[PDB]
Each structure stands twice: as C-alpha cells, then as structure tokens.
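Take a look at this one chain, the form deposited in one PDB entry, written out in structure tokens.
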C-alpha cells in the first residue's frame, strides 16, 4: 500500500496567515472591541536605511517603467533574509512599516534575560548580512500590552507601553549599522556576556559584541530557550519557517483572520486578480493622523479612545474614499497611516477629499475624551505600494519620500492639519482656506516646497 508524497497545501487560510503574526493567528481572543492583553517580551525594531531614496530613483527613465517591479524584487530579496533570521531565532514578526519591521519574543518574566541574549545574537547576524543600504536595530524588553480594535468586519492590533516607546527611541539613535539596547533592556540582560559602549546624552547603549564565557555553547543555550517558545517549528515540522504554514481550513478562524487583511489582498489570495497588480509606483495622498494622550503607555486609558477614533475614522474614510494602511504607536501617540488612491480607490478630487476628510477627522478626534492633541499631515506624490517581506510572512505597505514627509509634518506642526504644496496647488479649494507656514528644518527632509495649514472655512 503506497504512502505517497503529501504536497504542501497552500489553502487560503494559510495565505491569509502570512499577513499576520502568531500573536493574532494563534491568539484566539474575544471578538469584543476594544480588547486588551498584557504580557512581557523582547522587541526588535529593524530598519533598512536607503530604500526611501531608492524609491525616488526607481521612477526614473532608466527603469523603463518596471520600476515598481524592480524595487519590490530588490527590497524583498533583502527583507526576506532578515525575516528568515528573525524566524529561525524564534521571533514573531508583528508588523512591517515601509522598509522596517517590528519583531517580538514573548516570554515569561523569568526568561527575559536569556531571551535577550538570543535576540542580540539574532541582531548581530542580521547586522552581518548587510549597495546604498544600512541596517539599524533597536532592542527593548519589558512589559507589553496589546490592543485589538475595530468593527464587525475589520480588525487591527497594536502594541503599547514603555518597551514599545523604548524600541523606537533605540532605533532612532542607531547610527548606520548599530544595535542599540533600551535602558531597561540593558538592565535586564546578561551583562557578563554583553560588551557595550555608552551613548552620549543617553542611557541606552550600543552593542559591541558577545563575550561568551568558557563553557557556553550557543546551540545548546538556544535549545534550552526553545522550551519557552510556544510555536517554534519542531519535530516533523522542523524544516518549516512557521507553524502557521501548517494551519488547516477552519471557517471560524478564517472569518476572524481575514478581518485584518484588506479586500484587494483577499482578492489576490482568492486568485481573483493577478499578483502583478498590487506592486505599483502610483500617485497617492498620505493622510498621517496622530492622536496624543495624557499617558500613551496605559492601554486601558487609551484603548477605548483609539476604538472611538477608529469608528469615526473608518466611516469618514469610507465617504472620502481612503483606507487605513497601518496603525502604530509613533510620535508620543497613536498614528494612523491613511491612503487616498490605493488599488481601485482612484477618483478625481482625491486631493480635496483627503483634505476634507482630514478636517473631519481632526474635529471629531479633538473632542473624544482622553485625546489631548490631534495632528494630521497631508502629502501627495508617487509612492511605492506593495507586499513586502518573505513568502511566509509579508504585508502590504507604502514606501516613499511623501510618506515620511506627512509623518514629519504631523510631528513638527502639532495640533493642526498641514499639507504640502502638491496637495495645496492640486486641490480645488480656495486659497484662503489655507495658511502658508514658517519653514521648519525637519529630520530626514531636504526641501519640501512651501507647507500649509489647512485652516478650513472660517
């Protein structure tokens, strides 16, 4: 009696789960919104510098209109290698944002010290792998909260707390090629093994190298650590990068998971649209919304408010034809990266709509109870839109100088709605709806032409 080859089945649930971390795939929590969970772990925030520049170069004529295709190919080739290291070292990739990603090692408190060693080693091997591109890595460790928010058909999650703020601070300090530990990470780690240098004006520290003691064997140490890793592929599945590759059809589970994924990606998963379609360099408008709270580390304070804001944001975006691409803690608060002009959401009046949408969101969110300040940055231009990451773990994202510009506007001009000149000039709105603003020198930004506040009708 034969025992024939059992071919890999790439069921739709498996393709869906590629777009999500184990934190959600195997999370099985309440459908109530908001939902909050608390745990500890080590976070790794990995940034590839230079793709933003590259994006602008891939619109040039030398790319012969295959710029999007070339950009995603060279990006994924690099990012995939990083994704594999994170996964082999036992991490869960939580989210991709442009050419960066955030990974988590969730463990019990007693195991943070040893897991920190594992992550540092991971980081050094990644810093290893890496012709104009640098890798910067920030690490943090401690208490983490998760929030899930959304409505009956859409779900989103985010992580919150001091470790989340710390990992992003650590990463902003990294010079090209550094691995930086948060103060708390340094404080919890196995200092007898990890050799650091101080960072000026900073309690965070830079990793120089591992200094293992005499009888230390990393493979044996790693194996002990896998005891604590719930989803590490093992035994018969030790040849797989993710346990999620073995997920089996389950309509309840798939209904729950699909709510995290955008409709155009589900179309592609369901072989109702060609893959090529989602890799594009297209003119869009970014609307980058920031909500600042009294205490951005206290999930049960901020969770209700994010949900409240999300309910209004989503209904307004539906009307003005925009979409939430990503949400994360960023700029002392919760940020929504929204996009006008994604697959199948073209219009004329896109610019006007992005501006009217932004004002509406600003007025509403300004009044929701624990929101201290709202800031919104609007910028328009050619940006890369596509699926970034590894075959087994990837997400739809946007990369482009205008994406960064909108984020920087929202941070340097708090408490108002701002726009760039392309949006100002392009919009059908009268000039006295706007105010020309003082030019601020902005981190990471060369020369935006004039910037404007969208004052609205008075």
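Numbering follows the first chain given and starts at 1. C-alpha atoms forming the largest set that superposes within 1.5 Å between two forms make up the rigid core. Shifts are known only where both forms have a C-alpha.
The protein also exists as the form deposited in another entry; that form is not presented, and the subsequent description refers to it.
Asker: Any idea which of 270, 190, 220, 295 has its C-alpha shifted 2 Å or more between the shown form and the other one with the rigid core fixed?
Answerer: None of the others reach 2 Å, which leaves 295.
Asker: Establish whether a shift of 2 Å or more occurs at the C-alpha of residue 332 between the shown form and the other one, with the two forms superposed on the rigid core.
Answerer: Yes; residue 332 is a residue whose C-alpha shifts (by 2 Å or more) between the shown form and the other one when the cores are overlaid.
Asker: Explain in one word, closer or farther, how the Cα atoms of residue 186 and residue 331 are placed in the other form relative to this form, where the distance changes by 3 Å or more.
Answerer: Residue 186 and residue 331 sit closer together in the other form.
Asker: Residue 331 to residue 163, Cα distance in the other form relative to here: closer or farther, by 3 Å or more?
Answerer: They are closer; the C-alpha distance drops by 3 Å or more in the other form.
Asker: Core fitted, what stretches of 3+ consecutive residues have C-alphas moving by 2 Å or more between the shown form and the other one?
Answerer: Runs moving 2 Å or more: 6 to 9, 295 to 297, 330 to 332.
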